[PDB]
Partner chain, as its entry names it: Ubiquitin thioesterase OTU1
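This document opens with one chain alone, in structure tokens, the form solved without its partner chain.
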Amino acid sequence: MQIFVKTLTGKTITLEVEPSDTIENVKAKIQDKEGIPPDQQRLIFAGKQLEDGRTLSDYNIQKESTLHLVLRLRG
């Protein structure tokens, strides 16, 4: 299954995922393509913030869903 992530540059990347992957698994896949560490990633879907221990299916994230990556700065 493929999903898309609108990254910090505004470009779009594609991830190979499975329906039960956690948000932290997704974050790991994002750090591989983009070089943003997971602790600094905030993932947003249908306007909503996604939580680490929940799964894609928990949010009914299906194939070709786009997630939006935002920097989490905790200064």
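Numbering follows the first chain given and starts at 1. Think of the rigid core as the biggest set of C-alphas that the two forms share within 1.5 Å after superposition.
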Exercise for the section: Quick one: classify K29 as lowest, middle or highest third of the chain based on its Cα B-factor. Expected result: middle
Fill in the blank from the handout: Binned into thirds over the chain's modelled residues, the C-alpha B-factor of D58 lands in the highest
Fill in the blank from the handout: Among the modelled residues of its chain, the C-alpha B-factor of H68 falls in the third labelled middle
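Separately, the form deposited with its partner chain bound exists; it is not shown, and the next lines address it.
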Practice task
May I ask you to list the residues of 1-36 that have any heavy atom within 4.5 angstroms of its partner chain in the entry with it bound, in sequence order?
Solution key: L8, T9, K11, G35
Handout entry: Sole residue of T14, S57, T66, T9 shifting 2 angstroms or more in CA between the shown form and the other one, core aligned
Key = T9
